[PDB]
Each structure stands twice: as structure tokens, then as C-alpha cells.
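Notes follow once the structure below has been shown.
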Amino acid sequence: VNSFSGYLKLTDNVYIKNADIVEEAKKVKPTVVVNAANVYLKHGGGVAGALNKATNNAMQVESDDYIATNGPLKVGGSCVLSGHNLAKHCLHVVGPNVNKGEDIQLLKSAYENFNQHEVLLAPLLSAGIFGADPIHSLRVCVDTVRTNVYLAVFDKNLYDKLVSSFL
Ligand SMILES: CS(=O)(=O)Nc1ccc(C(=O)O)cc1
């Protein structure tokens with residue numbers, strides 16, 4: 001038994017809810033929240049900017065130090081940093097950005113990072129401003145992630161479409 005409430009069970013291990021992932025992170029304080037990162041960890045908008053704003057920019061300050069030391073992530077890759085006031089840890093995962101021409105086949109690699117964590121609160125990778133089809137992102141998630149993943153979908157319209165079209 002864990003602290004996640006109001007989710008709808010899609011599979012043995014994947015759960016989904018209509019909620020802002022930022023708001024969800026503040027209530028639950030999960031062990032791991034996933035950020036929809038880019039390779040530079042520049043958290044300007046979307047999930048990353050909303051998460052970063054909720055940390056009062058501390059996520060960005062930590063991220064800038066991480067990049068100064070390590071250089072950019074890979075598309076499909078991740079790093080574990082602090083969860084600040086939102087979670088114990090933030091898993092920054094880089095899905096391919098379709099609006100930059102990145103290989104959608106990298107979405108599976110991106111979701112494989114989730115398997116290193118027993119339980120996660122996450123958004124749909126490569127959805128929103130990253131330009132991928134969220135229906136596709138949910139299919140890759142279900143077919144790739146084996147650990148317990150609690151997906152937050154902010155758009156109520158999209159949430160209902162994801163559920164009603166789920167195979
Ligand atoms: C409402 S918020 O901007 O504070 N935080 C969010 C939540 C979800 C998304 C998304 O694209 O799914 C983007 C930002």
C-alpha cells in the first residue's frame with residue numbers, strides 16, 4: 001500500500017489520474033517525481049518549468065551546477081537530483097522532442113530509466129510541448145515500464161481520451 005489516491009488502474013503496474021503533476025507532487029511527497037527534462041536541464045516551461053517554479057528555482061540552481069560538472073544529458077537519458085520540496089528525488093528524464101526532429105524510437109529508452117525506481121510519480125514523456133502523441137507515449141510507457149508508475153495527466157480532455165482509447 002502507498003500514498004497515491006484517486007488513480008485509475010490501467011495495468012498491473014501503471015496507474016493514471018487527472019491532476020497537475022506539480023500539485024500531485026506537493027500533496028504526496030513521493031520518493032521519485034519524474035521531470036520532463038531537456039538535455040541542458042533548462043526548466044523553462046511545461047512540466048519542467050512548472051516543477052522548477054514550485055521549487056522557487058532551486059531545481060534550476062541545482063541543475064545548472066549538475067550541467068557545469070557533467071555536461072548535457074543524452075536524449076533518452078536521465079539523472080537523479082534532489083526533489084526539493086516536491087519529492088525525495090527528481091528523476092530528470094529526456095524524452096525526444098518531436099518539435100526538434102528527435103527520433104521517437106528514443107521514447108522507449110527514456111521510459112527504461114523508470115525501471116531503476118520501484119515507484120514513481122510521472123508525466124507522459126514527450127507529450128505536451130515535446131510534441132509526441134500522448135496516446136503513443138502511454139502505450140510505450142505500459143509496454144516498457146515494469147515498476148509502479150503513477151501518471152498525472154493535466155488536460156482533463158486528454159485524460160478522458162487516454163482512458164477511453166486504452167487497449
Ligand atoms: C499546470 S502547470 O503548468 O503548472 N504544470 C504542468 C502540468 C502538466 C503539463 C503537461 O504538459 O502535461 C505541463 C505543465
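Residues in the C-alpha cells are numbered from 1 in each chain, the chains being A, B, ... in the order shown, and ligands are numbered from 1 in the order shown.
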If you count only C-alpha atoms, which residues fall within 9 Å of region 140-153 of chain A, apart from same-chain ones fewer than 2 positions away, as a PDB file with N, CA and C atoms, in the first residue's frame?
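Generated file (out.pdb):
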```pdb
ATOM      1  N   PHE A   4      -0.624   7.227  -3.003  1.00  0.00           N
ATOM      2  CA  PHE A   4      -1.328   7.731  -4.214  1.00  0.00           C
ATOM      3  C   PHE A   4      -2.835   7.457  -4.117  1.00  0.00           C
ATOM      4  N   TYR A   7      -6.345   7.258  -8.432  1.00  0.00           N
ATOM      5  CA  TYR A   7      -5.831   6.817  -9.739  1.00  0.00           C
ATOM      6  C   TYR A   7      -6.720   5.725 -10.323  1.00  0.00           C
ATOM      7  N   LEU A  10      -4.574   1.019 -14.970  1.00  0.00           N
ATOM      8  CA  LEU A  10      -4.590   0.630 -16.382  1.00  0.00           C
ATOM      9  C   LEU A  10      -4.060  -0.784 -16.555  1.00  0.00           C
ATOM     10  N   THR A  11      -2.996  -1.131 -15.824  1.00  0.00           N
ATOM     11  CA  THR A  11      -2.350  -2.440 -15.892  1.00  0.00           C
ATOM     12  C   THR A  11      -1.925  -2.851 -14.499  1.00  0.00           C
ATOM     13  N   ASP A  12      -1.216  -3.974 -14.450  1.00  0.00           N
ATOM     14  CA  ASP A  12      -0.655  -4.462 -13.175  1.00  0.00           C
ATOM     15  C   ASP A  12       0.134  -3.351 -12.481  1.00  0.00           C
ATOM     16  N   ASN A  13       0.850  -2.521 -13.275  1.00  0.00           N
ATOM     17  CA  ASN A  13       1.844  -1.587 -12.678  1.00  0.00           C
ATOM     18  C   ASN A  13       1.632  -0.124 -13.043  1.00  0.00           C
ATOM     19  N   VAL A  14       0.708   0.199 -13.926  1.00  0.00           N
ATOM     20  CA  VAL A  14       0.538   1.573 -14.421  1.00  0.00           C
ATOM     21  C   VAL A  14      -0.814   2.097 -13.977  1.00  0.00           C
ATOM     22  N   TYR A  15      -0.803   3.266 -13.420  1.00  0.00           N
ATOM     23  CA  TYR A  15      -1.972   3.968 -12.880  1.00  0.00           C
ATOM     24  C   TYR A  15      -2.037   5.338 -13.497  1.00  0.00           C
ATOM     25  N   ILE A  16      -3.209   5.945 -13.616  1.00  0.00           N
ATOM     26  CA  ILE A  16      -3.337   7.279 -14.275  1.00  0.00           C
ATOM     27  C   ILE A  16      -4.365   8.129 -13.561  1.00  0.00           C
ATOM     28  N   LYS A  17      -4.158   9.429 -13.527  1.00  0.00           N
ATOM     29  CA  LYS A  17      -5.073  10.375 -12.864  1.00  0.00           C
ATOM     30  C   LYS A  17      -5.038  11.711 -13.587  1.00  0.00           C
ATOM     31  N   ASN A  18      -6.157  12.425 -13.509  1.00  0.00           N
ATOM     32  CA  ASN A  18      -6.290  13.817 -13.986  1.00  0.00           C
ATOM     33  C   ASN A  18      -5.846  14.713 -12.836  1.00  0.00           C
ATOM     34  N   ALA A  19      -4.653  15.273 -12.988  1.00  0.00           N
ATOM     35  CA  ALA A  19      -4.044  16.137 -11.971  1.00  0.00           C
ATOM     36  C   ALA A  19      -2.824  16.816 -12.594  1.00  0.00           C
ATOM     37  N   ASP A  20      -2.517  17.986 -12.077  1.00  0.00           N
ATOM     38  CA  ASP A  20      -1.239  18.649 -12.384  1.00  0.00           C
ATOM     39  C   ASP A  20      -0.186  17.851 -11.607  1.00  0.00           C
ATOM     40  N   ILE A  21       0.818  17.296 -12.293  1.00  0.00           N
ATOM     41  CA  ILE A  21       1.955  16.565 -11.643  1.00  0.00           C
ATOM     42  C   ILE A  21       2.607  17.445 -10.549  1.00  0.00           C
ATOM     43  N   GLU A  24       0.245  17.344  -7.604  1.00  0.00           N
ATOM     44  CA  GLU A  24       0.320  15.941  -7.142  1.00  0.00           C
ATOM     45  C   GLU A  24       1.593  15.738  -6.312  1.00  0.00           C
ATOM     46  N   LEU A 107      11.899   7.251 -27.290  1.00  0.00           N
ATOM     47  CA  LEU A 107      10.939   7.327 -26.183  1.00  0.00           C
ATOM     48  C   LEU A 107      11.018   6.057 -25.329  1.00  0.00           C
ATOM     49  N   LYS A 108      11.198   4.893 -25.961  1.00  0.00           N
ATOM     50  CA  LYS A 108      11.318   3.640 -25.178  1.00  0.00           C
ATOM     51  C   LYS A 108      12.546   3.701 -24.253  1.00  0.00           C
ATOM     52  N   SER A 109      13.671   4.158 -24.790  1.00  0.00           N
ATOM     53  CA  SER A 109      14.898   4.306 -23.980  1.00  0.00           C
ATOM     54  C   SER A 109      14.647   5.241 -22.783  1.00  0.00           C
ATOM     55  N   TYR A 111      11.764   5.879 -21.242  1.00  0.00           N
ATOM     56  CA  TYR A 111      10.929   5.190 -20.221  1.00  0.00           C
ATOM     57  C   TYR A 111      11.716   4.092 -19.498  1.00  0.00           C
ATOM     58  N   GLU A 112      12.739   3.514 -20.123  1.00  0.00           N
ATOM     59  CA  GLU A 112      13.521   2.461 -19.436  1.00  0.00           C
ATOM     60  C   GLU A 112      14.174   3.012 -18.172  1.00  0.00           C
ATOM     61  N   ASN A 113      14.432   4.324 -18.097  1.00  0.00           N
ATOM     62  CA  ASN A 113      15.005   4.894 -16.887  1.00  0.00           C
ATOM     63  C   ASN A 113      14.082   4.677 -15.693  1.00  0.00           C
ATOM     64  N   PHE A 114      12.775   4.610 -15.952  1.00  0.00           N
ATOM     65  CA  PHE A 114      11.843   4.457 -14.814  1.00  0.00           C
ATOM     66  C   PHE A 114      12.024   3.111 -14.089  1.00  0.00           C
ATOM     67  N   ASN A 115      12.558   2.118 -14.786  1.00  0.00           N
ATOM     68  CA  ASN A 115      12.689   0.772 -14.206  1.00  0.00           C
ATOM     69  C   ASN A 115      13.738   0.740 -13.120  1.00  0.00           C
ATOM     70  N   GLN A 116      14.531   1.804 -12.936  1.00  0.00           N
ATOM     71  CA  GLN A 116      15.551   1.841 -11.883  1.00  0.00           C
ATOM     72  C   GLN A 116      14.925   2.283 -10.563  1.00  0.00           C
ATOM     73  N   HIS A 117      13.615   2.544 -10.545  1.00  0.00           N
ATOM     74  CA  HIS A 117      12.914   3.088  -9.375  1.00  0.00           C
ATOM     75  C   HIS A 117      11.647   2.273  -9.151  1.00  0.00           C
ATOM     76  N   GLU A 118      11.458   1.843  -7.903  1.00  0.00           N
ATOM     77  CA  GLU A 118      10.315   0.936  -7.614  1.00  0.00           C
ATOM     78  C   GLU A 118       8.952   1.613  -7.824  1.00  0.00           C
ATOM     79  N   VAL A 119       8.853   2.874  -7.460  1.00  0.00           N
ATOM     80  CA  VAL A 119       7.601   3.660  -7.571  1.00  0.00           C
ATOM     81  C   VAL A 119       7.938   5.069  -8.042  1.00  0.00           C
ATOM     82  N   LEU A 120       7.152   5.590  -8.961  1.00  0.00           N
ATOM     83  CA  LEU A 120       7.380   6.963  -9.458  1.00  0.00           C
ATOM     84  C   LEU A 120       6.069   7.656  -9.702  1.00  0.00           C
ATOM     85  N   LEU A 121       6.042   8.945  -9.496  1.00  0.00           N
ATOM     86  CA  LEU A 121       5.022   9.889  -9.998  1.00  0.00           C
ATOM     87  C   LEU A 121       5.590  10.487 -11.276  1.00  0.00           C
ATOM     88  N   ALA A 122       4.894  10.485 -12.386  1.00  0.00           N
ATOM     89  CA  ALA A 122       5.491  10.881 -13.683  1.00  0.00           C
ATOM     90  C   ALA A 122       4.458  11.521 -14.565  1.00  0.00           C
ATOM     91  N   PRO A 123       4.925  12.323 -15.544  1.00  0.00           N
ATOM     92  CA  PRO A 123       4.115  12.738 -16.674  1.00  0.00           C
ATOM     93  C   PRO A 123       4.346  11.771 -17.804  1.00  0.00           C
ATOM     94  N   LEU A 124       3.508  11.848 -18.816  1.00  0.00           N
ATOM     95  CA  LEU A 124       3.750  11.155 -20.064  1.00  0.00           C
ATOM     96  C   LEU A 124       4.938  11.760 -20.801  1.00  0.00           C
ATOM     97  N   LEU A 125       5.979  10.986 -21.004  1.00  0.00           N
ATOM     98  CA  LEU A 125       7.190  11.529 -21.646  1.00  0.00           C
ATOM     99  C   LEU A 125       6.887  11.912 -23.077  1.00  0.00           C
ATOM    100  N   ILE A 135      -1.118   9.458 -26.720  1.00  0.00           N
ATOM    101  CA  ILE A 135      -1.642   8.079 -26.767  1.00  0.00           C
ATOM    102  C   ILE A 135      -0.479   7.130 -26.982  1.00  0.00           C
ATOM    103  N   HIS A 136       0.393   7.492 -27.887  1.00  0.00           N
ATOM    104  CA  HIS A 136       1.608   6.701 -28.157  1.00  0.00           C
ATOM    105  C   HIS A 136       2.481   6.652 -26.907  1.00  0.00           C
ATOM    106  N   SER A 137       2.671   7.767 -26.268  1.00  0.00           N
ATOM    107  CA  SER A 137       3.525   7.817 -25.070  1.00  0.00           C
ATOM    108  C   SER A 137       2.989   6.872 -23.990  1.00  0.00           C
ATOM    109  N   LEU A 138       1.679   6.845 -23.806  1.00  0.00           N
ATOM    110  CA  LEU A 138       1.084   5.923 -22.812  1.00  0.00           C
ATOM    111  C   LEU A 138       1.305   4.475 -23.241  1.00  0.00           C
ATOM    112  N   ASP A 155      -4.413  17.694 -18.685  1.00  0.00           N
ATOM    113  CA  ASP A 155      -5.557  18.020 -19.564  1.00  0.00           C
ATOM    114  C   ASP A 155      -6.698  17.036 -19.298  1.00  0.00           C
ATOM    115  N   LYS A 156      -7.821  17.531 -18.772  1.00  0.00           N
ATOM    116  CA  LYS A 156      -8.961  16.610 -18.476  1.00  0.00           C
ATOM    117  C   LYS A 156      -9.410  15.974 -19.784  1.00  0.00           C
ATOM    118  N   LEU A 158      -7.682  15.318 -22.397  1.00  0.00           N
ATOM    119  CA  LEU A 158      -6.697  14.318 -22.837  1.00  0.00           C
ATOM    120  C   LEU A 158      -6.765  13.086 -21.920  1.00  0.00           C
ATOM    121  N   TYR A 159      -6.876  13.335 -20.643  1.00  0.00           N
ATOM    122  CA  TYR A 159      -7.037  12.229 -19.671  1.00  0.00           C
ATOM    123  C   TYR A 159      -8.167  11.305 -20.139  1.00  0.00           C
TER     124      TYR A 159
END
```
How close does region 76-96 of chain A get to region 30-40 of chain A? List, as a tab-separated table, each residue of region 76-96 of chain A within 8 Å, its nearest atom pair and the distance in Å to one decimal, counting only C-alpha atoms.
```
residue	atom	partner	partner_atom	distance
A:83	CA	A:33	CA	7.0
A:86	CA	A:30	CA	7.6
A:87	CA	A:30	CA	5.0
A:88	CA	A:31	CA	4.8
A:89	CA	A:32	CA	4.9
A:90	CA	A:33	CA	5.0
A:91	CA	A:34	CA	4.7
A:92	CA	A:35	CA	4.7
A:93	CA	A:37	CA	5.4
A:94	CA	A:37	CA	5.0
A:95	CA	A:36	CA	7.1
```
Checklist entry - Which parts of region 20-139 of chain A does DSSP call helix (DSSP H, G or I) when run on the backbone here, written out as a ChimeraX atom specification? => result /A:21-28,46-54,58-70,98-100,106-116,128-130,134-139
Would you mind exporting N, CA and C atoms of the selected residues as a short mmCIF file (atom, residue, chain, number, x, y, z; two decimals), in the first residue's frame?
```
data_model
loop_
_atom_site.label_atom_id
_atom_site.label_comp_id
_atom_site.auth_asym_id
_atom_site.auth_seq_id
_atom_site.Cartn_x
_atom_site.Cartn_y
_atom_site.Cartn_z
N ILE A 21 0.82 17.30 -12.29
CA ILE A 21 1.96 16.57 -11.64
C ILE A 21 2.61 17.45 -10.55
N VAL A 22 2.71 18.77 -10.73
CA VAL A 22 3.30 19.67 -9.69
C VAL A 22 2.45 19.57 -8.42
N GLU A 23 1.14 19.77 -8.57
CA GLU A 23 0.19 19.76 -7.41
C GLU A 23 0.22 18.38 -6.77
N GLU A 24 0.25 17.34 -7.60
CA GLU A 24 0.32 15.94 -7.14
C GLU A 24 1.59 15.74 -6.31
N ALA A 25 2.72 16.29 -6.77
CA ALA A 25 3.99 16.12 -6.04
C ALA A 25 3.95 16.75 -4.63
N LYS A 26 3.33 17.91 -4.44
CA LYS A 26 3.21 18.69 -3.17
C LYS A 26 2.38 17.92 -2.14
N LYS A 27 1.31 17.26 -2.56
CA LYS A 27 0.38 16.54 -1.66
C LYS A 27 1.03 15.23 -1.21
N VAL A 28 1.53 14.42 -2.14
CA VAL A 28 2.04 13.04 -1.90
C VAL A 28 3.47 13.04 -1.35
N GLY A 46 6.38 24.17 -19.41
CA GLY A 46 5.81 22.83 -19.32
C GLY A 46 6.06 22.23 -17.92
N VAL A 47 6.16 20.91 -17.87
CA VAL A 47 6.35 20.20 -16.58
C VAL A 47 7.61 20.72 -15.89
N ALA A 48 8.69 20.86 -16.64
CA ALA A 48 9.97 21.26 -16.01
C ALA A 48 9.86 22.67 -15.46
N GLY A 49 9.27 23.58 -16.23
CA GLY A 49 9.16 24.93 -15.69
C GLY A 49 8.17 24.95 -14.55
N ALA A 50 7.06 24.18 -14.66
CA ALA A 50 6.11 24.20 -13.52
C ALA A 50 6.74 23.58 -12.29
N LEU A 51 7.42 22.45 -12.44
CA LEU A 51 8.13 21.85 -11.26
C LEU A 51 9.16 22.84 -10.74
N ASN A 52 9.94 23.41 -11.64
CA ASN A 52 11.00 24.31 -11.17
C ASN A 52 10.42 25.52 -10.44
N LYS A 53 9.33 26.10 -10.96
CA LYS A 53 8.68 27.24 -10.32
C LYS A 53 8.26 26.84 -8.91
N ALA A 54 7.71 25.65 -8.73
CA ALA A 54 7.24 25.20 -7.41
C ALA A 54 8.39 25.06 -6.43
N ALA A 58 15.01 26.53 -7.09
CA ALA A 58 16.11 25.72 -6.55
C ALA A 58 16.44 24.55 -7.48
N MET A 59 15.45 23.96 -8.13
CA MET A 59 15.72 22.91 -9.12
C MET A 59 16.67 23.42 -10.21
N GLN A 60 16.43 24.62 -10.72
CA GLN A 60 17.30 25.17 -11.79
C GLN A 60 18.72 25.44 -11.28
N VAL A 61 18.83 25.95 -10.06
CA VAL A 61 20.16 26.22 -9.49
C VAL A 61 20.93 24.90 -9.38
N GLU A 62 20.30 23.85 -8.86
CA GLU A 62 20.96 22.56 -8.72
C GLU A 62 21.31 22.02 -10.09
N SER A 63 20.40 22.17 -11.04
CA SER A 63 20.59 21.64 -12.39
C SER A 63 21.76 22.32 -13.08
N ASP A 64 21.88 23.61 -12.92
CA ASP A 64 22.99 24.34 -13.56
C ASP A 64 24.34 23.85 -13.04
N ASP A 65 24.42 23.60 -11.76
CA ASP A 65 25.65 23.03 -11.18
C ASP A 65 25.86 21.65 -11.77
N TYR A 66 24.83 20.82 -11.91
CA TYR A 66 24.99 19.46 -12.46
C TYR A 66 25.53 19.56 -13.87
N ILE A 67 25.01 20.44 -14.71
CA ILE A 67 25.46 20.55 -16.11
C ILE A 67 26.89 21.10 -16.17
N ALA A 68 27.20 22.06 -15.33
CA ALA A 68 28.55 22.64 -15.28
C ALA A 68 29.57 21.54 -14.99
N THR A 69 29.22 20.57 -14.16
CA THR A 69 30.13 19.46 -13.80
C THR A 69 30.12 18.39 -14.87
N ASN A 70 28.96 17.99 -15.36
CA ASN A 70 28.79 16.72 -16.10
C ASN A 70 28.53 16.91 -17.58
N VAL A 98 9.83 16.04 -30.46
CA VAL A 98 9.43 15.94 -31.89
C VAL A 98 9.62 17.32 -32.53
N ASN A 99 9.33 18.39 -31.80
CA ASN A 99 9.46 19.78 -32.33
C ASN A 99 10.95 20.16 -32.52
N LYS A 100 11.91 19.24 -32.30
CA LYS A 100 13.36 19.43 -32.59
C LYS A 100 13.85 18.34 -33.57
N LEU A 106 13.45 6.87 -29.43
CA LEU A 106 14.19 7.12 -28.19
C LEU A 106 13.22 7.20 -27.02
N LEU A 107 11.90 7.25 -27.29
CA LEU A 107 10.94 7.33 -26.18
C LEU A 107 11.02 6.06 -25.33
N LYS A 108 11.20 4.89 -25.96
CA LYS A 108 11.32 3.64 -25.18
C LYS A 108 12.55 3.70 -24.25
N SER A 109 13.67 4.16 -24.79
CA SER A 109 14.90 4.31 -23.98
C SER A 109 14.65 5.24 -22.78
N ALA A 110 13.91 6.34 -23.04
CA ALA A 110 13.59 7.31 -22.00
C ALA A 110 12.83 6.61 -20.87
N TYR A 111 11.76 5.88 -21.24
CA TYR A 111 10.93 5.19 -20.22
C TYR A 111 11.72 4.09 -19.50
N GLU A 112 12.74 3.51 -20.12
CA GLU A 112 13.52 2.46 -19.44
C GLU A 112 14.17 3.01 -18.17
N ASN A 113 14.43 4.32 -18.10
CA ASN A 113 15.01 4.89 -16.89
C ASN A 113 14.08 4.68 -15.69
N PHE A 114 12.77 4.61 -15.95
CA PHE A 114 11.84 4.46 -14.81
C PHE A 114 12.02 3.11 -14.09
N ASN A 115 12.56 2.12 -14.79
CA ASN A 115 12.69 0.77 -14.21
C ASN A 115 13.74 0.74 -13.12
N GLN A 116 14.53 1.80 -12.94
CA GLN A 116 15.55 1.84 -11.88
C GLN A 116 14.93 2.28 -10.56
N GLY A 128 2.84 16.92 -24.36
CA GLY A 128 2.80 18.37 -24.16
C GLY A 128 3.69 19.03 -25.17
N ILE A 129 4.50 19.99 -24.71
CA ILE A 129 5.34 20.82 -25.61
C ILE A 129 6.46 20.03 -26.24
N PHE A 130 6.69 18.76 -25.89
CA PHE A 130 7.68 17.92 -26.59
C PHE A 130 7.09 17.33 -27.87
N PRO A 134 0.39 11.83 -27.12
CA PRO A 134 0.30 11.25 -25.79
C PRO A 134 -0.25 9.82 -25.76
N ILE A 135 -1.12 9.46 -26.72
CA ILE A 135 -1.64 8.08 -26.77
C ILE A 135 -0.48 7.13 -26.98
N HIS A 136 0.39 7.49 -27.89
CA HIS A 136 1.61 6.70 -28.16
C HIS A 136 2.48 6.65 -26.91
N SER A 137 2.67 7.77 -26.27
CA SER A 137 3.52 7.82 -25.07
C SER A 137 2.99 6.87 -23.99
N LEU A 138 1.68 6.84 -23.81
CA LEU A 138 1.08 5.92 -22.81
C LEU A 138 1.30 4.48 -23.24
N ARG A 139 1.21 4.16 -24.52
CA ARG A 139 1.42 2.77 -24.96
C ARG A 139 2.87 2.38 -24.68
#
```
Next on the checklist: For the structure I just gave you, how does DSSP split chain A - specifically, which residues are strand (DSSP E)? Reply as JSON, numbers by chain.
Outcome noted: {"A": [8, 9, 14, 15, 16, 17, 18, 32, 33, 34, 35, 36, 78, 79, 80, 81, 82, 89, 90, 91, 92, 93, 119, 120, 121, 122, 148, 149, 150, 151, 152, 153]}
Since we have the selection now, will you write its residues out, keeping N, CA and C atoms, as a CSV table (one decimal), in the first residue's frame?
```
chain,number,residue,atom,x,y,z
A,8,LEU,N,-6.6,5.7,-11.6
A,8,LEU,CA,-7.4,4.6,-12.3
A,8,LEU,C,-6.3,3.6,-12.8
A,9,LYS,N,-6.6,2.3,-12.5
A,9,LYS,CA,-5.6,1.3,-12.7
A,9,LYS,C,-5.6,0.9,-14.2
A,14,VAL,N,0.7,0.2,-13.9
A,14,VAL,CA,0.5,1.6,-14.4
A,14,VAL,C,-0.8,2.1,-14.0
A,15,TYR,N,-0.8,3.3,-13.4
A,15,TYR,CA,-2.0,4.0,-12.9
A,15,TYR,C,-2.0,5.3,-13.5
A,16,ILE,N,-3.2,5.9,-13.6
A,16,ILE,CA,-3.3,7.3,-14.3
A,16,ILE,C,-4.4,8.1,-13.6
A,17,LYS,N,-4.2,9.4,-13.5
A,17,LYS,CA,-5.1,10.4,-12.9
A,17,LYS,C,-5.0,11.7,-13.6
A,18,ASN,N,-6.2,12.4,-13.5
A,18,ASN,CA,-6.3,13.8,-14.0
A,18,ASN,C,-5.8,14.7,-12.8
A,32,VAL,N,10.0,9.5,-5.7
A,32,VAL,CA,10.5,10.0,-7.0
A,32,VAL,C,9.4,10.7,-7.8
A,33,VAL,N,9.7,11.9,-8.2
A,33,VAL,CA,8.9,12.6,-9.2
A,33,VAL,C,9.7,12.7,-10.5
A,34,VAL,N,9.2,12.4,-11.6
A,34,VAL,CA,9.9,12.5,-12.9
A,34,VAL,C,9.6,13.9,-13.5
A,35,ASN,N,10.7,14.5,-13.9
A,35,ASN,CA,10.6,15.7,-14.7
A,35,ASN,C,10.8,15.4,-16.2
A,36,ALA,N,10.0,16.1,-17.0
A,36,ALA,CA,10.1,16.1,-18.4
A,36,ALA,C,11.2,17.1,-18.8
A,78,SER,N,18.8,10.2,-18.4
A,78,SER,CA,18.3,10.7,-17.1
A,78,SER,C,19.4,11.0,-16.2
A,79,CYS,N,19.0,11.8,-15.2
A,79,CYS,CA,19.9,11.9,-13.9
A,79,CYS,C,18.9,12.0,-12.8
A,80,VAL,N,19.4,11.6,-11.6
A,80,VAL,CA,18.7,11.7,-10.3
A,80,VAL,C,19.2,12.9,-9.6
A,81,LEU,N,18.4,13.9,-9.3
A,81,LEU,CA,18.8,15.1,-8.5
A,81,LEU,C,17.8,15.2,-7.3
A,82,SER,N,17.9,16.2,-6.5
A,82,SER,CA,17.0,16.4,-5.4
A,82,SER,C,15.6,16.6,-5.9
A,89,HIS,N,13.4,12.7,-4.4
A,89,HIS,CA,14.3,12.7,-5.6
A,89,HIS,C,13.5,13.2,-6.7
A,90,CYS,N,14.2,13.9,-7.7
A,90,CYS,CA,13.6,14.1,-9.0
A,90,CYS,C,14.4,13.3,-10.1
A,91,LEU,N,13.8,12.5,-10.8
A,91,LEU,CA,14.4,11.8,-11.9
A,91,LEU,C,14.1,12.6,-13.2
A,92,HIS,N,15.2,13.3,-13.6
A,92,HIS,CA,15.1,14.2,-14.8
A,92,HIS,C,15.2,13.3,-16.0
A,93,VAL,N,14.2,13.1,-16.8
A,93,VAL,CA,14.3,12.1,-18.0
A,93,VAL,C,14.1,12.9,-19.2
A,119,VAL,N,8.9,2.9,-7.5
A,119,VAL,CA,7.6,3.7,-7.6
A,119,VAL,C,7.9,5.1,-8.0
A,120,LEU,N,7.2,5.6,-9.0
A,120,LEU,CA,7.4,7.0,-9.5
A,120,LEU,C,6.1,7.7,-9.7
A,121,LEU,N,6.0,8.9,-9.5
A,121,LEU,CA,5.0,9.9,-10.0
A,121,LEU,C,5.6,10.5,-11.3
A,122,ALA,N,4.9,10.5,-12.4
A,122,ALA,CA,5.5,10.9,-13.7
A,122,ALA,C,4.5,11.5,-14.6
A,148,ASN,N,6.3,0.5,-10.6
A,148,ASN,CA,4.9,1.1,-10.4
A,148,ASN,C,4.9,2.6,-10.7
A,149,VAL,N,4.2,2.9,-11.7
A,149,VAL,CA,4.2,4.3,-12.2
A,149,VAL,C,2.8,4.9,-12.1
A,150,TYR,N,2.7,6.1,-11.5
A,150,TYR,CA,1.5,6.9,-11.2
A,150,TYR,C,1.6,8.1,-12.2
A,151,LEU,N,0.8,8.0,-13.2
A,151,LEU,CA,0.9,9.1,-14.3
A,151,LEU,C,-0.1,10.2,-14.0
A,152,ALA,N,0.4,11.4,-14.0
A,152,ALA,CA,-0.6,12.5,-13.9
A,152,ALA,C,-0.8,13.1,-15.3
A,153,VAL,N,-2.0,13.3,-15.7
A,153,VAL,CA,-2.4,13.9,-17.0
A,153,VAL,C,-3.2,15.2,-16.7
```
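Distance-wise, CA of residue 160 (chain A) and atom 7 (C, counted along the ligand's line) of ligand 1 end up 15.7 Å apart.
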Checklist entry - Mind pulling up the distance from CA of residue 127 (chain A) to atom 12 (O, counted along the ligand's line) of ligand 1? => result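 Taking atom 12 (O, counted along the ligand's line) of ligand 1 as the start and CA of residue 127 (chain A) as the end point, the length is 6.6 Å.
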Checklist entry - With only C-alpha atoms and all ligand atoms as the atoms that count, which of A:42, A:101, A:154, A:126 lies nearest to ligand 1? => result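 So, comparing all the options, the nearest one is A:154.
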Checklist entry - Which is closest to ligand 1 among A:104, A:132, A:75, A:163, if we use only C-alpha atoms and all ligand atoms? => result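 For ligand 1, the nearest of the given residues is A:132.
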